[PDB]
Amino acid sequence: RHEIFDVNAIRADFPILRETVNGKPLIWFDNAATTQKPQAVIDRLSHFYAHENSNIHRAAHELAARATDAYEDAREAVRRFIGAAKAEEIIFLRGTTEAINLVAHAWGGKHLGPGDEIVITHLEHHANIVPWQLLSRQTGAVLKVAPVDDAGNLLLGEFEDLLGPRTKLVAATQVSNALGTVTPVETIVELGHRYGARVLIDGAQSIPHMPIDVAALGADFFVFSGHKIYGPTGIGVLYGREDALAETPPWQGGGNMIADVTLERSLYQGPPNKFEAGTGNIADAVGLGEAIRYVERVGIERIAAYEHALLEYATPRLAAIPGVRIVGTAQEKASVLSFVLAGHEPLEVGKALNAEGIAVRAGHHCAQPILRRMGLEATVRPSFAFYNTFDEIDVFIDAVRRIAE
Amino acid sequence: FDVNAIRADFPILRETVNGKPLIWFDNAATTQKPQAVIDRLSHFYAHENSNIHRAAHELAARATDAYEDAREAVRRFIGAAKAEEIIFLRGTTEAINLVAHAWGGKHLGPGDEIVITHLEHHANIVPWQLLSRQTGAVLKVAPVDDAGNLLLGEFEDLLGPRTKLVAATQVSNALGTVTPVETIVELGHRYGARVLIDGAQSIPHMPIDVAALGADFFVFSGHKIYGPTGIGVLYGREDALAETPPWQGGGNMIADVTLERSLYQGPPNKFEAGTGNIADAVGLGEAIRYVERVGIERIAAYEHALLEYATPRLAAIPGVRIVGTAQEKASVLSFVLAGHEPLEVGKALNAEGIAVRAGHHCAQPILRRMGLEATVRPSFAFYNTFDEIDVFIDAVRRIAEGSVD
Numbered sequence: 152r153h154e155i156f157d158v159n160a161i162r163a164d165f166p167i168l169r170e171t172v173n174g175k176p177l178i179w180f181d182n183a184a185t186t187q188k189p190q191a192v193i194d195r196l197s198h199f200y201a202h203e204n205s206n207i208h209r210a211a212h213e214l215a216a217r218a219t220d221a222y223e224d225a226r227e228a229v230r231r232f233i234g235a236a237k238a239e240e241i242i243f244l245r246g247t248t249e250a251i252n253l254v255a256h257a258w259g260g261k262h263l264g265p266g267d268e269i270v271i272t273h274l275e276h277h278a279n280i281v282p283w284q285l286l287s288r289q290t291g292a293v294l295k296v297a298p299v300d301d302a303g304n305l306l307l308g309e310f311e312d313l314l315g316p317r318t319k320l321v322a323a324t325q326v327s328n329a330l331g332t333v334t335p336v337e338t339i340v341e342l343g344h345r346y347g348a349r350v351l352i353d354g355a356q357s358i359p360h361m362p363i364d365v366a367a368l369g370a371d372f373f374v375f376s377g378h379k380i381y382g383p384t385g386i387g388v389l390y391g392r393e394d395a396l397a398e399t400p401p402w403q404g405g406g407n408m409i410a411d412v413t414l415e416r417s418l419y420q421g422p423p424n425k426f427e428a429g430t431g432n433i434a435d436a437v438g439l440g441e442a443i444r445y446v447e448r449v450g451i452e453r454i455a456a457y458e459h460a461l462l463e464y465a466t467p468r469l470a471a472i473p474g475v476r477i478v479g480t481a482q483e484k485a486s487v488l489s490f491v492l493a494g495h496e497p498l499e500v501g502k503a504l505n506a507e508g509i510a511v512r513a514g515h516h517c518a519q520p521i522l523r524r525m526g527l528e529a530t531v532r533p534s535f536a537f538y539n540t541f542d543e544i545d546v547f548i549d550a551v552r553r554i555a556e
Numbered sequence: 156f157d158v159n160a161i162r163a164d165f166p167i168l169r170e171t172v173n174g175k176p177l178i179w180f181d182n183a184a185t186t187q188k189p190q191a192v193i194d195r196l197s198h199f200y201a202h203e204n205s206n207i208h209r210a211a212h213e214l215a216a217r218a219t220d221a222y223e224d225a226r227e228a229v230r231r232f233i234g235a236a237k238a239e240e241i242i243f244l245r246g247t248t249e250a251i252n253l254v255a256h257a258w259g260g261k262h263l264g265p266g267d268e269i270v271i272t273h274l275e276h277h278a279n280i281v282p283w284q285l286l287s288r289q290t291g292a293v294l295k296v297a298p299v300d301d302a303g304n305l306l307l308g309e310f311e312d313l314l315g316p317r318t319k320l321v322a323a324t325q326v327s328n329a330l331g332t333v334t335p336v337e338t339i340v341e342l343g344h345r346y347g348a349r350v351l352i353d354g355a356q357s358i359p360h361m362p363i364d365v366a367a368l369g370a371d372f373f374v375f376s377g378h379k380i381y382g383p384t385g386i387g388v389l390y391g392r393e394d395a396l397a398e399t400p401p402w403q404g405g406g407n408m409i410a411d412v413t414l415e416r417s418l419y420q421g422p423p424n425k426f427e428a429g430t431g432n433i434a435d436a437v438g439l440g441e442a443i444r445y446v447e448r449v450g451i452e453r454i455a456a457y458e459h460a461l462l463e464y465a466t467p468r469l470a471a472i473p474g475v476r477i478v479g480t481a482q483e484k485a486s487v488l489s490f491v492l493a494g495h496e497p498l499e500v501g502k503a504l505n506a507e508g509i510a511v512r513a514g515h516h517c518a519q520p521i522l523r524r525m526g527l528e529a530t531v532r533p534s535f536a537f538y539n540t541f542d543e544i545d546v547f548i549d550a551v552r553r554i555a556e557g558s559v560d
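Protein chains in written order, with the entry's author numbering: chain A, 152 to 556; chain B, 156 to 560.
This is how it looks when you write it as structure tokens:
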């Protein structure tokens, strides 16, 4: 299957898509919050627990060798899918938020001091804001925020103007989870390096929607969450260039990250072990590897083109409903279609849509600053994935129209 | 105690190694899962999967119900007074790092003293060493006798007016020693310290009542109590949590974010940054219900019988020395064999189908205290049998009667 792309064939792999809501078909437009899982991922987890479950270290015994094989294969699946040079540059942790906190606490506390500057974009999710605020109060570093225009495009000229001799770190989202804006990460990384800064890229909403090649990109850190790319909850990745991880001290301490422990002093292993303390989340890493293989079978460029067709279809029909204002109309977008409706609270629109079976989020989407920049406290945010259909979009448009009338 | 009916629930127990039935004596590293836990995870992914916040939409409400019920199952099972005292994270190691970085960062300064025991797992050593090196806090280690018993007089002699924290294991993963945690807590409190209890090896083997114990913190890992990987718990008394600043920052733990500053939620949200591992918490709740149906006092009695049966029969083999003969033990039976290195013994046992750990068990200091670099360590769980113990005893005696190294 999936030699040719067909959305009904694809949808058939996702069991929850046959679920019913209030007597109506489920329409999952909440992909920017989390995605639904293919049967192969569910079955990969079941198979691991029934046939492979153990802590790792292949010399121990048979099941330990099975679990070790699966864990190493999962790390390699991540390395291959994002184009990292080495599996030693792939760190498993719980998700994007833990990965950014790792970089902030460990790398930031080692390298930042008073007056040093961190540049983030106005488009950031809270996961890429709060850790820099914590670090900035701890170290005296100054946090600068690169601005956007009213359509939500990052302004590259103002961004370059914020860079200077005090710039040590740029942390930028590749895809805004609230507006859908795609940012020019190649340019951001090149500019950051030109001024001597390390560059972290928040890829939680780019990795499901466009091909990623971190080696070509050159970013020093790249982070994402497994549950937003059809994988299990509880698993995510920090990619770090070998030289960036070498200058990052250990963060969490305990088993696996040590080479030798005495009561007076411990020595630490190299990466990836250096940053993985305690028993890893072995089963969900293995499930994430299965999710990556599923996405590769379908094809990330085919996913990107199909999802682009969905967004291109939905946006004008939504915008033509009287009272609707689209929020986020950047030159390039992926998946997310925030809007508001005059005279109606976003949350009541979300609840009416749920009454139609349609799942969306209405709220600030853990991105209050960008919404305030747009003059708003909340938006209604359908977000599309490659198992969504044009027919589902039609149902959603009719529902919004009936609310507006 | 019907071990055969219980064994029927664990599918992996049907696996074979070298054409021989698997014998899982590696429970101190991780446990195997009942089909109810595996199925609970599958059911979640196929029918309930969503981020939380029940007002959003139907699946979000299903996910919120399941996550709240998991937190309440943990609260009930460990005897905590409030669900707000239960923090979900990856495992024991993350929980201890939370207390060390956040509580310790605020409360352990130059000259303040930390008391741990000689029995600690690396997870309850390295975080205190890292904190100590950051702040000038002083780490003291309470000794044991040659049998592996905690010496209560010497422990109390370590306490004084500068003791801020006692961090003690309840059950040693390398020796099986059960420590007198009620005495430890009462003594620490008398001298003015908070007390953290490492329960990763006590919670599967004996009843836990943290409100009656009075411990300030209690930590454990889901995968050592028949649950999924990637999930564990920090319990903290609400007054202890009230004096603990946030650790990781991001979504869920904030109440409001502006570019200037972020305000934080109260507990448990305060300590859970980002998307939680919803599915594995749900699976851990299912594991807790399984243990509760069997009965933790019945499990404790049966496992005590297993250990009592095994210890003299293993000790009677010429060449064998038992490592850890404390007055009260649970699960673990470390030993060494003259003329054989532990790892080779472990591999030979695996050739017979028997899974054990051979090594330092992430507890190098206690093994050095015993004069050793490594031990062979079977550890028993309530799906193990006397027959499996007989196979193990015969395999050890064949190794002992064979050629030395």
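Ideal Cβ positions, reconstructed from N, Cα and C, are used throughout, including at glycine.
CB contact flag (residue i, residue j, <8 Å)
| i | j | result |
| --- | --- | --- |
| A:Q403 | B:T248 | yes |
| B:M408 | B:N432 | no |
| A:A278 | B:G406 | yes |
| B:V437 | B:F199 | yes |
| A:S357 | A:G479 | no |
| A:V551 | A:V475 | yes |
| residue 579 of chain A | A:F375 | Because chain A in this structure spans residues 152 to 556, residue 579 of chain A falls outside the shown range and cannot be described. |
| B:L461 | B:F535 | yes |
| B:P298 | B:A255 | no |
Exposure label - residue i; buried when at least 16 CB within 10 Å
| i | result |
| --- | --- |
| B:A184 | buried |
| A:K237 | exposed |
| A:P422 | buried |
| B:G174 | exposed |
| A:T334 | buried |
| residue 561 of chain A | No statement about residue 561 of chain A is possible, as the shown extent of chain A runs from 152 to 556 and does not include it. |
| B:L439 | buried |
| A:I155 | exposed |
| B:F541 | exposed |
| B:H273 | buried |
Assigned secondary structure, residue i (DSSP; H/G/I helix, E/B strand, else coil)
| i | result |
| --- | --- |
| A:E463 | helix |
| A:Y200 | helix |
| B:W402 | coil |
| B:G440 | helix |
| A:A481 | coil |
| A:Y419 | strand |
| A:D545 | helix |
| A:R512 | strand |
| B:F310 | helix |
| A:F490 | strand |
| A:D435 | helix |
| B:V559 | coil |
| A:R317 | coil |
Contact list for residue i against chain B, beta-carbon separation under 9 Å
| i | result |
| --- | --- |
| A:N539 | Residues of chain B passing the Cβ test: none, with the nearest at roughly 15 Å. |
Beta-carbon neighbours of residue i, restricted to chain B and to distances below 7 Å
| i | result |
| --- | --- |
| A:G264 | Under the 7 Å cutoff, chain B gives no residues; its nearest Cβ is about 16 Å from A:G264. |
| A:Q325 | None at all; the shortest Cβ gap to chain B is about 17 Å. |
| A:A278 | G405, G406 and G429 |
| A:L196 | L196 |
Within chain A, the residues that residue i reaches when beta carbons sit closer than 8 Å
| i | result |
| --- | --- |
| B:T185 | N204, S205, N206 and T430 |
| B:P497 | Neighbours of B:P497 on chain A: none; closest Cβ ~11 Å, over 8 Å. |
| B:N505 | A211, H212 and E213 |
Proximal chain B residues relative to residue i, where beta-carbon distance stays under 8 Å
| i | result |
| --- | --- |
| A:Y464 | Simply none; closest approach about 23 Å. |
| A:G246 | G429 and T430 |
Per-residue contacts from residue i into chain A (C-beta, under 9 Å)
| i | result |
| --- | --- |
| B:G501 | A210, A211 and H212 |
Per-residue contacts from residue i into chain A (C-beta, under 7 Å)
| i | result |
| --- | --- |
| B:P383 | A434 |
| B:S417 | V281 and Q284 |
**OP:** Please list the segments of the beta strand (DSSP E) lying wholly inside the stretch 218-288 of chain B, counting only runs of 3 or more residues, in order along the chain.
**Re:** 241-244 and 268-272
Original post:
If you scan the stretch 162-208 of chain A from start to end, which runs of the beta strand (DSSP E) of 3 or more residues do you find wholly inside it?
Top reply: none
Original post:
What runs of the beta strand (DSSP E), each 3 residues or longer, lie entirely inside the stretch 332-399 of chain A?
Top reply: 349-353, 372-376 and 387-391
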